[PDB]
Number of protein chains: 2
Amino acid sequence: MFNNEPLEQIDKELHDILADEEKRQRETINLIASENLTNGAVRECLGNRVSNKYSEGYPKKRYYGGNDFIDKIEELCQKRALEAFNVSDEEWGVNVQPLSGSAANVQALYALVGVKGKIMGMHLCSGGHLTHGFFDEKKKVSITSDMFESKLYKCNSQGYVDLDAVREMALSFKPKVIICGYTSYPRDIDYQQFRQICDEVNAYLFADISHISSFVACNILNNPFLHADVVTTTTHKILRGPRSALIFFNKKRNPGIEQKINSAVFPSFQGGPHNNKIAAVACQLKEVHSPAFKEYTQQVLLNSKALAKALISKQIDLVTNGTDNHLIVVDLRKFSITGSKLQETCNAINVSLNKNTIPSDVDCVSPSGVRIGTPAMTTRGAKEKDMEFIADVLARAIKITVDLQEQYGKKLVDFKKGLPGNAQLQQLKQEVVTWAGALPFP
Amino acid sequence: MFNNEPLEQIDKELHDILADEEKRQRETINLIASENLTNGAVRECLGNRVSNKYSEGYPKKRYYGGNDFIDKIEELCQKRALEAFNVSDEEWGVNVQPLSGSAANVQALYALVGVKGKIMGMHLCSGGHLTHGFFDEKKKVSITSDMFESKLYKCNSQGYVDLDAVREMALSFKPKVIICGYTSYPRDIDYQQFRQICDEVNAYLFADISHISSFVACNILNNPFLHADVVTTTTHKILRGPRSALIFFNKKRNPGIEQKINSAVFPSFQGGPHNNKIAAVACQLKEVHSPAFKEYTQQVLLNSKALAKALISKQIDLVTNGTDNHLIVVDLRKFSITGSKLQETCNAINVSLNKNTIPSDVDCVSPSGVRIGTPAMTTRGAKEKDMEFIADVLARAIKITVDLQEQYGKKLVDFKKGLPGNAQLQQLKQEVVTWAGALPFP
Ligand SMILES: Cc1[nH]nc2c1[C@](c1cc(-c3ccccc3C#N)cc(C(F)(F)F)c1)(C(C)C)C(C#N)=C(N)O2
Ligand SMILES: Cc1[nH]nc2c1[C@](c1cc(-c3ccccc3C#N)cc(C(F)(F)F)c1)(C(C)C)C(C#N)=C(N)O2
Ligand SMILES: Cc1ncc(COP(=O)(O)O)c(CNCC(=O)O)c1O
Ligand SMILES: Cc1ncc(COP(=O)(O)O)c(CNCC(=O)O)c1O
Ligand SMILES: [Cl-]
């Protein structure tokens, strides 16, 4: 007693918009550092009928029966997860049920400290995540600043994590968890030194590696598994999975953490797991452990170095003057334009990037930089040679952005009026669309 | 620089388990009251490339650009949601971003009350959800008991909501929110009287209608929209959508609530929306509003009434002696077997149901009933005439369960010893398989 008609027939209205979405993706230079493009196999898992099943609980400890094949998949996903991040199933456990990054962080923090518990993270404006305890004088913005008590540390004037300030703050504040691993941080993290500070104040070390997960897994960057009590990661960014998250806990370092983490996810926070997600994550974790994926991850870094270097050669300033990873943050101060203006201009030429604070910015009010990353364009086949064209496109956007601000004024409302119809943008947009639309597209 | 091979080639190990899962579903009499089967179109959206996109924020108030088609989809989903539940966009708003039912209840509750806020709900043992403030003397089991302060009401000896006890509690406890709508309640709710209790104590009326959403939408059961401040619902049960949730809030009764709810979902709790989920929900909400789906929902109730009637004709007791909706709870006391045993027996014959407490059960330790529902089998084309065979199959399961307990004993470990190789079960399984495997299967 159902309608078996395909999407085009059953909902022509929606299917056209989705077809448009597809076209915009195919025709965009996507520099969003947290975005990627899934392959067809991951999307087959996501549309699988496995999501019809209710599997509250854990493998072999389910509230309902008929979960034999579901258990096989959840167990397979955990095994692949632990292998991919080079950890022994005896020393490390993993939870694969969190629905997304934010949920996993909240659930994981709660497991370690509970309500009213004390946490330290990097300020949102310095490059930490919302779920790392972000708040405002005006409001407790994230639940992680409201269900917990949070202190926020900052990067120094050159954009680096200031460990001396972290220790100082940890010693007066006495937190139970200290979080590291970030949302817009262009360099590697010294986990060893974080561990040293945590030990000195008897705190958990929490590493959020969502942005760099592929680097940790492929032994290209520092390994936080050597020092962390908990490691969380999304599966949708550089990992190239579906939208989900993993939570890693070190059993050997903390007895009783497995139960704590596992009960925090269910039944403390979530109900039924989304089995299609878990299948898709399993699908991607097989690929992550291949030698071909290490090549892709290497290439992501090669492209990021090439991009930074080309941007520098065009006299564009980078926060920390470079990158160790997949992401760059441009300091736009010498051009006297805001990050928002450049976002609007790049939107108008089919280039996706976002505004991002820089150390000099007091607040997240008027961010003076943009953040770009290479995973999505590396997925689409661009190599180091192709990064010059992108740097060239960004430099032209910056120049137009300056000319438009000259002609219409600094106010954002005024500035946008300059954008529609502008001849240069139309020209630049077509170059973008012709070059972008040509590239391989899963 | 990606692998485009289909799931079967790229991950044969996973594709085999998923195919077994597909076979088990096709070959099962699924009486899980919370389960259903999605159509192909809903699964086309879930596997869509729209999930590639980061779109934190709300339509037209997005942190990133390139969100034009995403905004069209999120706005279309909210519009279709409001139409489906017979509310005007001027009086009611809805949030479509919650990743699941449990996230949506936590986010909604937090919006209304905040940390340390006081809430009332039905106890889990009496049929409430975990997210309605569930706790145990041993531990604060749900975050809704730990981040809020919660009191739990009970149903009466006949399995009905005892409003007089709810009032006694509401006046003594003085909560800010009172939750109604349940996970295993076989009758309709008197929202009018819940409203009366709420008004008396200045509490919000929260209606969780996930199990009954289709009935509310099609004007078959009482409408909580006439009285409730907030209404939440999953999209995956009787609504037949993807795994997601909706939060409805009433602007006209509470000004400033749209902001409170929207801020709770993001950035308080969630990060980026899962745009494939939103697309899938859009797709289903269209269908919900058709008169074909009203027929399906009618059929669900017809089948539930017919199943109840037949179970009674076979001398089987039902909590409240019947059902006003899609679900039945069997009281097994007269057969001297537990729900756990019957679940084990039904697992062995490819019948999916779950154990459930009854009013006489003080604890969740040994629940004395099972819960069954009709949405999934109604989806597969079962009509009233087909419920006799199901009632018959369940009666035979009960009898075998009784015979097995006689032969092997009351202890669960011993009882299971009796299940494999049992001649009767294999026979009963094969009929189940023959009849189930033939039914239409989206
Ligand atoms: C959207 C999002 N999600 N997670 C994030 C961010 C942003 C970010 C968040 C916010 C933000 C979001 C919700 C509530 C309050 C605020 C504030 N203030 C604002 C900005 C702004 F600078 F562009 F204004 C930037 C950026 C990657 C986009 C961010 C940064 N910087 C960090 N670190 O993490
Ligand atoms: C799984 C689940 N999710 N949401 C739910 C439930 C159950 C339920 C939950 C639990 C449960 C789950 C997590 C933590 C503690 C407990 C306890 N006690 C136990 C049982 C049992 F009674 F069968 F043992 C039943 C059932 C629909 C399966 C439930 C009922 N009855 C209600 N009302 O809501
Ligand atoms: C370090 C980190 N942790 C957790 C999350 C949460 O992911 P969800 O949105 O899946 O909840 C993000 C998202 N990062 C936002 C961005 O870089 O654009 C992140 O950067
Ligand atoms: C009334 C109600 N509310 C919320 C939820 C939570 O949904 P998620 O599992 O998507 O978190 C459930 C799940 N009910 C479980 C069942 O009836 O089988 C529910 O029954
Ligand atoms: Cl999904």
# chains A, B, ... in the order shown; residues from 1 in each chain; ligands from 1
call {"tool": "residues_near_ligand", "arguments": {"ligand": "ligand 5", "cutoff": "9 Å", "atoms": "only C-alpha atoms and all ligand atoms", "output": "count of residues only"}}
result
22
call {"tool": "residues_near_ligand", "arguments": {"ligand": "ligand 4", "cutoff": "7 Å", "atoms": "only C-alpha atoms and all ligand atoms", "output": "ChimeraX atom specification"}}
result
/A:54,270-272 /B:32-34,100-103,105,128-129,131,181-184,208-211,233-234,243-244
call {"tool": "write_last_selection", "arguments": {"atoms": "C-alpha atoms", "output": "PDB file, in the first residue's frame"}}
result
ATOM      1  CA  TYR A  54      15.529  -0.092  15.068  1.00  0.00           C
ATOM      2  CA  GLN A 270      20.527   9.290  21.404  1.00  0.00           C
ATOM      3  CA  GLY A 271      17.835   6.721  20.706  1.00  0.00           C
ATOM      4  CA  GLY A 272      18.033   4.447  17.671  1.00  0.00           C
TER       5      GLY A 272
ATOM      6  CA  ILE B  32       7.581  -3.384  15.684  1.00  0.00           C
ATOM      7  CA  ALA B  33       5.204  -0.500  16.362  1.00  0.00           C
ATOM      8  CA  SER B  34       7.925   2.049  15.644  1.00  0.00           C
ATOM      9  CA  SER B 100      16.482  12.307  15.328  1.00  0.00           C
ATOM     10  CA  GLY B 101      13.634  12.137  17.820  1.00  0.00           C
ATOM     11  CA  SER B 102      15.853  12.156  20.886  1.00  0.00           C
ATOM     12  CA  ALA B 103      17.938  15.101  19.736  1.00  0.00           C
ATOM     13  CA  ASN B 105      13.178  16.374  22.402  1.00  0.00           C
ATOM     14  CA  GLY B 128       6.997   7.223  28.134  1.00  0.00           C
ATOM     15  CA  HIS B 129      10.158   7.783  26.154  1.00  0.00           C
ATOM     16  CA  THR B 131      13.796  11.653  26.559  1.00  0.00           C
ATOM     17  CA  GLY B 181       2.552  11.664  23.798  1.00  0.00           C
ATOM     18  CA  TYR B 182       4.219   8.301  24.223  1.00  0.00           C
ATOM     19  CA  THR B 183       6.252   5.360  22.944  1.00  0.00           C
ATOM     20  CA  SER B 184       3.879   2.545  23.877  1.00  0.00           C
ATOM     21  CA  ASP B 208       5.465  13.967  21.471  1.00  0.00           C
ATOM     22  CA  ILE B 209       3.384  12.405  18.667  1.00  0.00           C
ATOM     23  CA  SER B 210       6.093  10.290  16.863  1.00  0.00           C
ATOM     24  CA  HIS B 211       4.156   7.046  17.224  1.00  0.00           C
ATOM     25  CA  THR B 233       7.672  14.031  16.022  1.00  0.00           C
ATOM     26  CA  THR B 234       9.973  11.586  14.349  1.00  0.00           C
ATOM     27  CA  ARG B 243      15.123   8.907  10.267  1.00  0.00           C
ATOM     28  CA  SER B 244      14.743  12.514  11.379  1.00  0.00           C
TER      29      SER B 244
END
call {"tool": "residues_near_ligand", "arguments": {"ligand": "ligand 2", "cutoff": "7 Å", "atoms": "only C-alpha atoms and all ligand atoms", "output": "ChimeraX atom specification"}}
result
/A:56,63-64,267,271 /B:124-130,141,183-184,354-357,364-365,367
call {"tool": "select_by_dssp", "arguments": {"residues": "segment 74-287 of chain B", "states": "strand (DSSP E)", "output": "number ranges by chain"}}
result
B: 92-95, 118-122, 149-153, 177-180, 204-208, 230-234, 245-250
call {"tool": "write_last_selection", "arguments": {"atoms": "N, CA and C atoms", "output": "compact mmCIF listing (two decimals), in the first residue's frame"}}
result
# COMPACT_ATOMS: atom_id res chain seq x y z
N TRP B 92 2.07 28.91 13.54
CA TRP B 92 2.99 27.85 13.95
C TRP B 92 4.23 27.93 13.10
N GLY B 93 5.38 27.73 13.74
CA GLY B 93 6.60 27.39 13.03
C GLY B 93 7.08 25.97 13.32
N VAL B 94 7.96 25.50 12.45
CA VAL B 94 8.57 24.20 12.58
C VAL B 94 10.07 24.27 12.33
N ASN B 95 10.85 23.45 13.05
CA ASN B 95 12.28 23.23 12.77
C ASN B 95 12.48 21.82 12.19
N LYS B 118 12.67 22.35 35.26
CA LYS B 118 11.81 21.31 35.81
C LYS B 118 10.88 20.78 34.73
N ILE B 119 10.86 19.46 34.56
CA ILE B 119 9.98 18.80 33.57
C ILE B 119 9.27 17.57 34.13
N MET B 120 8.09 17.33 33.58
CA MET B 120 7.29 16.18 33.92
C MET B 120 7.12 15.35 32.68
N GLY B 121 7.20 14.04 32.84
CA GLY B 121 6.82 13.15 31.75
C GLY B 121 6.30 11.83 32.27
N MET B 122 5.77 11.02 31.36
CA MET B 122 5.41 9.65 31.69
C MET B 122 6.67 8.78 31.84
N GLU B 149 15.59 18.76 35.82
CA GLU B 149 15.13 18.05 37.01
C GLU B 149 13.80 17.49 36.59
N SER B 150 13.59 16.19 36.77
CA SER B 150 12.36 15.56 36.27
C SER B 150 11.57 14.74 37.29
N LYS B 151 10.25 14.84 37.18
CA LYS B 151 9.34 13.98 37.91
C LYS B 151 8.59 13.15 36.87
N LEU B 152 8.32 11.90 37.21
CA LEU B 152 7.68 10.96 36.29
C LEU B 152 6.34 10.45 36.83
N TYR B 153 5.28 10.68 36.06
CA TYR B 153 3.96 10.13 36.36
C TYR B 153 3.75 8.73 35.76
N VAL B 177 7.64 22.50 32.11
CA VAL B 177 7.08 21.71 31.00
C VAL B 177 6.45 20.40 31.47
N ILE B 178 5.31 20.06 30.87
CA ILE B 178 4.68 18.78 31.09
C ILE B 178 4.60 18.11 29.73
N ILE B 179 5.18 16.92 29.61
CA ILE B 179 5.22 16.19 28.34
C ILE B 179 4.13 15.12 28.24
N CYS B 180 3.45 15.07 27.10
CA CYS B 180 2.52 13.99 26.80
C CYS B 180 2.80 13.51 25.40
N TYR B 204 4.48 24.78 30.27
CA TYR B 204 4.33 24.49 28.83
C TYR B 204 3.75 23.08 28.62
N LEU B 205 2.91 22.94 27.59
CA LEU B 205 2.38 21.64 27.15
C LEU B 205 3.18 21.10 25.97
N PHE B 206 3.88 19.99 26.18
CA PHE B 206 4.76 19.39 25.19
C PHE B 206 4.11 18.08 24.74
N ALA B 207 3.86 17.96 23.44
CA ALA B 207 3.24 16.78 22.84
C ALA B 207 4.18 16.01 21.89
N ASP B 208 4.66 14.84 22.33
CA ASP B 208 5.46 13.97 21.47
C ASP B 208 4.58 12.96 20.74
N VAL B 230 4.45 23.19 22.22
CA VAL B 230 5.43 22.49 21.40
C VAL B 230 4.91 21.11 21.02
N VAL B 231 5.09 20.72 19.76
CA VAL B 231 4.85 19.35 19.30
C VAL B 231 6.08 18.84 18.56
N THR B 232 6.58 17.67 18.96
CA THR B 232 7.72 17.03 18.28
C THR B 232 7.25 15.74 17.67
N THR B 233 7.97 15.31 16.65
CA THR B 233 7.67 14.03 16.02
C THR B 233 8.83 13.52 15.20
N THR B 234 9.04 12.21 15.24
CA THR B 234 9.97 11.59 14.35
C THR B 234 9.33 11.49 12.99
N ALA B 245 13.59 14.15 12.72
CA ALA B 245 12.55 14.65 13.60
C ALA B 245 12.17 16.09 13.27
N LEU B 246 10.95 16.45 13.66
CA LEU B 246 10.42 17.81 13.50
C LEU B 246 10.15 18.36 14.86
N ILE B 247 10.34 19.67 15.01
CA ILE B 247 9.91 20.39 16.20
C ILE B 247 8.95 21.49 15.76
N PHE B 248 7.72 21.40 16.24
CA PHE B 248 6.71 22.42 16.03
C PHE B 248 6.60 23.26 17.29
N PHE B 249 6.49 24.57 17.10
CA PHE B 249 6.30 25.51 18.19
C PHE B 249 5.22 26.49 17.76
N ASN B 250 4.43 26.92 18.74
CA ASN B 250 3.32 27.84 18.51
C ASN B 250 3.69 29.28 18.85
call {"tool": "residues_around", "arguments": {"residues": "segment 428-431 of chain B", "least_positions_apart": "5", "cutoff": "10 Å", "atoms": "only C-alpha atoms", "output": "PyMOL selection string"}}
result
chain B and resi 27-28+346-351+393+396-397+423+436-437
call {"tool": "select_by_dssp", "arguments": {"residues": "segment 325-422 of chain B", "states": "alpha helix (DSSP H)", "output": "PyMOL selection string"}}
result
chain B and resi 339-347+375-379+387-408+412-417
call {"tool": "write_last_selection", "arguments": {"atoms": "C-alpha atoms", "output": "PDB file, in the first residue's frame"}}
result
ATOM      1  CA  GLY B 339       7.628 -10.769  27.294  1.00  0.00           C
ATOM      2  CA  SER B 340      11.343 -11.643  27.043  1.00  0.00           C
ATOM      3  CA  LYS B 341      10.548 -15.305  26.391  1.00  0.00           C
ATOM      4  CA  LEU B 342       7.911 -14.475  23.749  1.00  0.00           C
ATOM      5  CA  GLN B 343      10.350 -12.121  22.038  1.00  0.00           C
ATOM      6  CA  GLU B 344      12.902 -14.939  21.939  1.00  0.00           C
ATOM      7  CA  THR B 345      10.253 -17.325  20.513  1.00  0.00           C
ATOM      8  CA  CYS B 346       9.069 -14.785  17.918  1.00  0.00           C
ATOM      9  CA  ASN B 347      12.686 -14.106  16.843  1.00  0.00           C
ATOM     10  CA  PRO B 375       2.239   0.281  10.280  1.00  0.00           C
ATOM     11  CA  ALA B 376       4.917  -1.904   8.719  1.00  0.00           C
ATOM     12  CA  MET B 377       2.512  -4.767   7.690  1.00  0.00           C
ATOM     13  CA  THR B 378      -0.096  -2.289   6.481  1.00  0.00           C
ATOM     14  CA  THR B 379       2.665  -0.864   4.276  1.00  0.00           C
ATOM     15  CA  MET B 387      -4.776 -10.011  10.815  1.00  0.00           C
ATOM     16  CA  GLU B 388      -6.337 -13.359  11.786  1.00  0.00           C
ATOM     17  CA  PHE B 389      -3.327 -15.231  10.489  1.00  0.00           C
ATOM     18  CA  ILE B 390      -1.056 -12.900  12.432  1.00  0.00           C
ATOM     19  CA  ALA B 391      -3.122 -13.319  15.595  1.00  0.00           C
ATOM     20  CA  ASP B 392      -3.093 -17.060  15.016  1.00  0.00           C
ATOM     21  CA  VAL B 393       0.739 -17.043  14.551  1.00  0.00           C
ATOM     22  CA  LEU B 394       1.144 -15.095  17.808  1.00  0.00           C
ATOM     23  CA  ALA B 395      -1.203 -17.501  19.688  1.00  0.00           C
ATOM     24  CA  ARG B 396       0.904 -20.469  18.489  1.00  0.00           C
ATOM     25  CA  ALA B 397       4.081 -18.629  19.592  1.00  0.00           C
ATOM     26  CA  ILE B 398       2.565 -18.176  23.032  1.00  0.00           C
ATOM     27  CA  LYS B 399       1.559 -21.831  23.278  1.00  0.00           C
ATOM     28  CA  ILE B 400       5.054 -22.992  22.167  1.00  0.00           C
ATOM     29  CA  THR B 401       6.632 -20.564  24.580  1.00  0.00           C
ATOM     30  CA  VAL B 402       4.521 -22.134  27.340  1.00  0.00           C
ATOM     31  CA  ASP B 403       5.452 -25.708  26.274  1.00  0.00           C
ATOM     32  CA  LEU B 404       9.137 -24.757  26.054  1.00  0.00           C
ATOM     33  CA  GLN B 405       9.098 -23.179  29.504  1.00  0.00           C
ATOM     34  CA  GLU B 406       7.462 -26.344  30.909  1.00  0.00           C
ATOM     35  CA  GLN B 407      10.182 -28.527  29.359  1.00  0.00           C
ATOM     36  CA  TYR B 408      13.309 -26.391  30.023  1.00  0.00           C
ATOM     37  CA  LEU B 412      16.041 -17.460  30.471  1.00  0.00           C
ATOM     38  CA  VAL B 413      19.387 -19.254  29.762  1.00  0.00           C
ATOM     39  CA  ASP B 414      17.641 -22.644  30.042  1.00  0.00           C
ATOM     40  CA  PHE B 415      14.547 -21.589  28.022  1.00  0.00           C
ATOM     41  CA  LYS B 416      16.691 -20.527  25.030  1.00  0.00           C
ATOM     42  CA  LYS B 417      18.408 -23.934  25.023  1.00  0.00           C
TER      43      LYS B 417
END
call {"tool": "residues_around", "arguments": {"residues": "residue 58 of chain B", "least_positions_apart": "5", "cutoff": "9 Å", "atoms": "only C-alpha atoms", "output": "NGL selection string"}}
result
:B and (63 or 71 or 74 or 262 or 266)
call {"tool": "residues_around", "arguments": {"residues": "segment 320-332 of chain A", "least_positions_apart": "6", "cutoff": "7 Å", "atoms": "only C-alpha atoms", "output": "list in words"}}
result
residues 33, 158, 159, 160, 186, 187, 188, 300, 301, 304, 305, 308, 338, 358, 368, 369, 370, 371, 372, 373, 374 and 375 of chain A
call {"tool": "write_last_selection", "arguments": {"atoms": "N, CA and C atoms", "output": "PDB file, in the first residue's frame"}}
result
ATOM      1  N   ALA A  33      36.879  24.080   3.617  1.00  0.00           N
ATOM      2  CA  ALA A  33      37.907  23.174   4.152  1.00  0.00           C
ATOM      3  C   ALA A  33      37.307  21.916   4.761  1.00  0.00           C
ATOM      4  N   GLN A 158      50.689  35.576  16.132  1.00  0.00           N
ATOM      5  CA  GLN A 158      51.057  34.953  14.879  1.00  0.00           C
ATOM      6  C   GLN A 158      50.168  33.783  14.469  1.00  0.00           C
ATOM      7  N   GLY A 159      49.062  33.546  15.189  1.00  0.00           N
ATOM      8  CA  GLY A 159      48.116  32.428  14.884  1.00  0.00           C
ATOM      9  C   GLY A 159      48.436  31.013  15.390  1.00  0.00           C
ATOM     10  N   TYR A 160      49.380  30.897  16.303  1.00  0.00           N
ATOM     11  CA  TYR A 160      49.747  29.591  16.842  1.00  0.00           C
ATOM     12  C   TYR A 160      49.104  29.426  18.209  1.00  0.00           C
ATOM     13  N   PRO A 186      45.573  26.085  10.773  1.00  0.00           N
ATOM     14  CA  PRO A 186      46.403  25.715   9.630  1.00  0.00           C
ATOM     15  C   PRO A 186      47.675  24.913   9.927  1.00  0.00           C
ATOM     16  N   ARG A 187      47.953  24.629  11.202  1.00  0.00           N
ATOM     17  CA  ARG A 187      49.183  23.901  11.568  1.00  0.00           C
ATOM     18  C   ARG A 187      48.894  22.651  12.390  1.00  0.00           C
ATOM     19  N   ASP A 188      49.904  21.796  12.510  1.00  0.00           N
ATOM     20  CA  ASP A 188      49.803  20.606  13.360  1.00  0.00           C
ATOM     21  C   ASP A 188      49.784  20.987  14.851  1.00  0.00           C
ATOM     22  N   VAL A 300      46.391  15.926  -1.115  1.00  0.00           N
ATOM     23  CA  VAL A 300      45.655  17.023  -0.470  1.00  0.00           C
ATOM     24  C   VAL A 300      46.673  17.990   0.153  1.00  0.00           C
ATOM     25  N   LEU A 301      47.703  17.434   0.780  1.00  0.00           N
ATOM     26  CA  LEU A 301      48.725  18.265   1.403  1.00  0.00           C
ATOM     27  C   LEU A 301      49.617  18.962   0.373  1.00  0.00           C
ATOM     28  N   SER A 304      47.794  21.887  -0.901  1.00  0.00           N
ATOM     29  CA  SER A 304      47.743  22.953   0.091  1.00  0.00           C
ATOM     30  C   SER A 304      49.048  23.750   0.197  1.00  0.00           C
ATOM     31  N   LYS A 305      50.172  23.075   0.041  1.00  0.00           N
ATOM     32  CA  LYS A 305      51.478  23.738   0.071  1.00  0.00           C
ATOM     33  C   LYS A 305      51.629  24.549  -1.205  1.00  0.00           C
ATOM     34  N   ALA A 308      49.257  27.730  -0.897  1.00  0.00           N
ATOM     35  CA  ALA A 308      49.876  28.729  -0.019  1.00  0.00           C
ATOM     36  C   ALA A 308      51.057  29.452  -0.666  1.00  0.00           C
ATOM     37  N   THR A 338      37.036  43.145   4.180  1.00  0.00           N
ATOM     38  CA  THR A 338      36.659  42.164   5.191  1.00  0.00           C
ATOM     39  C   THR A 338      36.505  40.822   4.524  1.00  0.00           C
ATOM     40  N   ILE A 358      40.907  36.357  12.313  1.00  0.00           N
ATOM     41  CA  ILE A 358      42.375  36.335  12.384  1.00  0.00           C
ATOM     42  C   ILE A 358      42.760  36.864  13.758  1.00  0.00           C
ATOM     43  N   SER A 368      38.478  39.349   9.430  1.00  0.00           N
ATOM     44  CA  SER A 368      39.344  39.975   8.444  1.00  0.00           C
ATOM     45  C   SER A 368      40.094  38.963   7.582  1.00  0.00           C
ATOM     46  N   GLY A 369      39.556  37.757   7.462  1.00  0.00           N
ATOM     47  CA  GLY A 369      40.208  36.718   6.691  1.00  0.00           C
ATOM     48  C   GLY A 369      39.230  35.763   6.075  1.00  0.00           C
ATOM     49  N   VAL A 370      39.741  34.884   5.222  1.00  0.00           N
ATOM     50  CA  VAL A 370      38.939  33.823   4.652  1.00  0.00           C
ATOM     51  C   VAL A 370      39.660  32.518   4.866  1.00  0.00           C
ATOM     52  N   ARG A 371      38.911  31.424   4.956  1.00  0.00           N
ATOM     53  CA  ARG A 371      39.472  30.114   5.093  1.00  0.00           C
ATOM     54  C   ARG A 371      39.186  29.292   3.865  1.00  0.00           C
ATOM     55  N   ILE A 372      40.225  28.637   3.372  1.00  0.00           N
ATOM     56  CA  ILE A 372      40.166  27.767   2.224  1.00  0.00           C
ATOM     57  C   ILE A 372      40.839  26.426   2.558  1.00  0.00           C
ATOM     58  N   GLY A 373      40.408  25.385   1.865  1.00  0.00           N
ATOM     59  CA  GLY A 373      41.011  24.074   2.016  1.00  0.00           C
ATOM     60  C   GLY A 373      41.024  23.335   0.713  1.00  0.00           C
ATOM     61  N   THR A 374      41.859  22.308   0.626  1.00  0.00           N
ATOM     62  CA  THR A 374      42.033  21.533  -0.593  1.00  0.00           C
ATOM     63  C   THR A 374      41.403  20.150  -0.742  1.00  0.00           C
ATOM     64  N   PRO A 375      40.694  19.610   0.284  1.00  0.00           N
ATOM     65  CA  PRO A 375      40.256  18.220   0.075  1.00  0.00           C
ATOM     66  C   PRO A 375      39.257  18.009  -1.046  1.00  0.00           C
TER      67      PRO A 375
END
call {"tool": "closest_residue", "arguments": {"among": "A:36, A:142, A:315, A:214", "to": "ligand 1", "atoms": "only C-alpha atoms and all ligand atoms"}}
result
A:142
call {"tool": "closest_residue", "arguments": {"among": "A:218, A:264, A:31, A:163", "to": "chain B", "atoms": "only C-alpha atoms"}}
result
A:264
call {"tool": "closest_residue", "arguments": {"among": "B:139, B:123, B:43, B:62", "to": "ligand 1", "atoms": "only C-alpha atoms and all ligand atoms"}}
result
B:62
call {"tool": "closest_residue", "arguments": {"among": "B:57, B:133, B:273, B:241", "to": "ligand 3", "atoms": "only C-alpha atoms and all ligand atoms"}}
result
B:273
call {"tool": "residues_around", "arguments": {"residues": "residue 111 of chain B", "least_positions_apart": "6", "cutoff": "9 Å", "atoms": "only C-alpha atoms", "output": "list in words"}}
result
residues 257, 259, 260, 261, 262, 263, 264 and 265 of chain B
call {"tool": "write_last_selection", "arguments": {"atoms": "N, CA, C and O atoms", "output": "compact mmCIF listing (two decimals), in the first residue's frame"}}
result
# COMPACT_ATOMS: atom_id res chain seq x y z
N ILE B 257 9.45 32.33 21.06
CA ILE B 257 9.74 30.91 21.08
C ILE B 257 10.44 30.44 19.81
O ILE B 257 11.24 29.51 19.88
N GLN B 259 12.79 31.89 18.06
CA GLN B 259 14.21 32.11 18.32
C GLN B 259 14.76 31.08 19.31
O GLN B 259 15.79 30.48 19.06
N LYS B 260 14.08 30.89 20.43
CA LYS B 260 14.49 29.94 21.47
C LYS B 260 14.68 28.52 20.95
O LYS B 260 15.67 27.87 21.27
N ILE B 261 13.71 28.04 20.16
CA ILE B 261 13.77 26.72 19.55
C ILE B 261 14.86 26.65 18.49
O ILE B 261 15.64 25.69 18.47
N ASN B 262 14.89 27.62 17.59
CA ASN B 262 15.87 27.59 16.51
C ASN B 262 17.30 27.67 17.02
O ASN B 262 18.18 27.00 16.50
N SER B 263 17.54 28.47 18.05
CA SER B 263 18.86 28.58 18.67
C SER B 263 19.26 27.27 19.41
O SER B 263 20.43 26.90 19.41
N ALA B 264 18.30 26.58 20.02
CA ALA B 264 18.55 25.30 20.68
C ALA B 264 19.05 24.23 19.73
O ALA B 264 19.95 23.46 20.08
N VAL B 265 18.49 24.18 18.53
CA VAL B 265 18.90 23.20 17.54
C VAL B 265 20.28 23.57 17.01
O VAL B 265 21.18 22.75 16.98
call {"tool": "decode", "arguments": {"residues": "segment 56-60 of chain A", "atoms": "N, CA and C atoms", "output": "tab-separated table (two decimals), in the first residue's frame"}}
result
chain	number	residue	atom	x	y	z
A	56	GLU	N	18.41	0.07	18.92
A	56	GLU	CA	18.81	0.66	20.19
A	56	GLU	C	19.63	-0.33	20.96
A	57	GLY	N	20.74	0.14	21.48
A	57	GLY	CA	21.65	-0.68	22.26
A	57	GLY	C	22.93	-0.89	21.49
A	58	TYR	N	23.66	-1.96	21.83
A	58	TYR	CA	24.94	-2.27	21.17
A	58	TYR	C	24.97	-3.67	20.60
A	59	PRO	N	25.99	-3.99	19.77
A	59	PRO	CA	26.08	-5.34	19.19
A	59	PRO	C	26.00	-6.43	20.25
A	60	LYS	N	25.14	-7.44	20.05
A	60	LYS	CA	24.90	-8.54	21.02
A	60	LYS	C	24.24	-8.11	22.35
